[PDB]
Amino acid sequence: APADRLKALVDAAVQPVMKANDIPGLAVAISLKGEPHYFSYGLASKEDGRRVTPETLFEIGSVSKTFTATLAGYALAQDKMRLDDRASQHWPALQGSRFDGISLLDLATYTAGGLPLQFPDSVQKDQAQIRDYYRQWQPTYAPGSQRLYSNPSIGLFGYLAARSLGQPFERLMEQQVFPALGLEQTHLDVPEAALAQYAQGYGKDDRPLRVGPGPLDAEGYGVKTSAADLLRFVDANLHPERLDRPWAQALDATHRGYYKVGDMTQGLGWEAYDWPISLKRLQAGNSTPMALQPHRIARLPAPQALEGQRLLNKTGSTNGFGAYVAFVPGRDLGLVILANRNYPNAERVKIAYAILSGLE
Ligand SMILES: *[B]([O])([O])[C]([C]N1[C]=C(C([O])=O)N=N1)[N]C(=O)[C]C1=[C][C]=[C]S1
């Protein structure tokens, strides 16, 4: 009966949203009081009929920012950087630029002063072009005043965290972070031997879409993972104390809130809400205006622990994929929803809320 009831709950949440948003394939993974549960739907590739499983690789887009935040958490744990460091401390090319007056915390939490959502199309994936973009950039408004969600912002945060550790970002993630977290199905660059697991992404007219190269792609949106591996990452977040101490500290650093915008408290990578909260408020925190428009922050007098009666979440997208992760620290509950269509955040939150409400 319990297995029947959980399947009925997850099917009732997922099936209508997959039909309504024409989602070819979707993987759910749930962590419930220390037990994993998997529900897999539809096709990883329509053309060859390959089914989604909990081992199918999906692009998770901006959920990658929580991995980037974890690497920065490790640099913080090792005293290689501080959040109040000036950004230019960690990259001499930026000495004498406006990054002399911008903190690593501003970059991490999108408050550097108007760095845009994406790099402009004029900046290709090229070390010199990225360098020259930051050297010339000037804030629209005072650092630490307005949140404008931004890949160049947290991307530079991750880049500088890697520089503080003396190695390239992608190398540190592959050689140190993923192994420390027990993740063998999590990739920035999918190996040839794993390509058979890589789902197809679908856009307009079902155009096939896998993510192409871009500046600081690894830091902003580069992770491909399975539902089973992303749930292992959620379980690490629910129990940092089970990891070796420097990695436990790295994860704890991603559970600290610095300011509020509306109902949302901004951490490193993770975004948090009081729990319970209405579905409409959770959708509004994850809305298009929250992602695209500047918002004045309400700064906390001290960093706030993102634990207890809270939901921590992150949306992530690419042109072909739509991911959502949410967990409730004080209930030992975690959820992953990975799909191969970029379907609206409101609909991802609708699935998650139905499941989390039904487990509670
Ligand atoms: B991340 O998912 O927040 C980020 C930016 N983004 C896209 C969306 C969306 O479409 O709803 N919301 N936020 N993702 C990326 O920059 C990766 C992309 C690669 C190609 C298109 S988006």
Side-chain angles (χ1 to χ4, degrees), residues 17 21-23 26 57-70 107-111 114-121 123-125 130 133 147-159 169-170 187-190 198-203 207-225 230 233 254 261 264 266-272 282-295 312-326 336-352:
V17 170
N21 299 277
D22 187 33
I23 303 174
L26 183 154
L57 298 171
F58 296 82
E59 295 172 10
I60 72 174
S62 299
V63 179
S64 302
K65 292 174 174 65
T66 66
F67 285 97
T68 304
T70 305
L107 289 176
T109 62
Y110 322 112
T111 64
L115 279 167
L117 177 70
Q118 303 293 356
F119 285 95
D121 294 303
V123 179
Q124 300 172 319
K125 187 179 176 70
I130 294 167
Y133 170 75
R147 179 185 191 271
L148 181 68
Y149 183 72
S150 170
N151 278 327
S153 191
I154 194 170
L156 182 58
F157 175 69
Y159 193 82
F169 180 83
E170 300 89 339
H187 313 285
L188 291 170
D189 194 359
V190 176
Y198 196 164
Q200 186 66 80
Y202 294 92
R207 65 176 297 204
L209 292 164
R210 293 186 181 105
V211 68
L216 303 190
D217 52 5
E219 290 86 344
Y221 55 89
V223 172
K224 300 92 196 177
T225 192
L230 195 49
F233 179 60
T254 78
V261 172
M264 188 273 290
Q266 181 72 64
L268 307 186
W270 297 108
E271 295 170 25
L282 187 58
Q283 290 173 317
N286 287 289
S287 74
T288 295
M290 278 293 303
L292 298 193
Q293 300 177 208
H295 293 80
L312 280 64
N313 77 173
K314 188 70 188 78
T315 59
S317 300
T318 61
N319 288 143
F321 290 80
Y324 184 65
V325 179
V336 163
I337 308 166
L338 305 181
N340 62 354
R341 192 172 303 276
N342 180 356
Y343 72 109
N345 287 352
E347 292 286 293
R348 308 178 197 180
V349 176
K350 181 189 307 191
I351 301 175

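Both ligands and their constituent atoms are indexed starting at 1 by order of listing. Computed from heavy atoms alone, side chains included, the values below leave out hydrogens, waters and symmetry copies. One-based numbering along the sequence shown.
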task = Would you check if the side chain of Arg147 reaches a backbone N or O of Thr109 as a donor-acceptor pair within less than 3.5 Å?
result =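 Checking the backbone N and O of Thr109 against the side chain of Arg147, no donor-acceptor pair under 3.5 Å is found.
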request  = Would you check if the side chain of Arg341 reaches a backbone N or O of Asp22 as a donor-acceptor pair within less than 3.5 Å?
outcome  =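 Checked: pair present.
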query = Between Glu59 and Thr318, does any side-chain donor sit less than 3.5 Å from a side-chain acceptor?
reply =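 Note: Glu59 and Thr318 side chains meet the donor-acceptor criterion.
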request  = Ignoring hydrogens and angles, state whether a donor on the side chain of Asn345 or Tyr324 is under 3.5 Å from an acceptor on the partner side chain.
outcome  =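 The answer is no; no qualifying pair exists.
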query = Is the centre of the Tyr110 ring less than 6.0 Å from the centre of the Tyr149 ring?
reply =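 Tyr110 vs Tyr149: aromatic centres under 6.0 Å.
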task = May I ask you to decide if the ring planes of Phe321 and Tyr198 are parallel, tilted or perpendicular, using 30° and 60° as cut-offs?
result =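 Tilted, since the angle between the ring planes falls between 30° and 60°.
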Does ligand 1 have any N/O atom under 3.5 Å from a protein N/O, and what are those pairs and their distances?
from     : atom 1 : to     : atom 2 : distance (Å)
ligand 1 : 2 (O)  : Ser62  : N      : 3.2
ligand 1 : 2 (O)  : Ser62  : OG     : 2.4
ligand 1 : 2 (O)  : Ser317 : N      : 2.8
ligand 1 : 2 (O)  : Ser317 : O      : 3.3
ligand 1 : 3 (O)  : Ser62  : OG     : 2.4
ligand 1 : 3 (O)  : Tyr149 : OH     : 2.6
ligand 1 : 10 (O) : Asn342 : ND2    : 3.0
ligand 1 : 14 (N) : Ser62  : OG     : 3.1
ligand 1 : 14 (N) : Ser317 : O      : 3.0
ligand 1 : 16 (O) : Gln118 : NE2    : 2.9
ligand 1 : 16 (O) : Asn151 : ND2    : 2.8

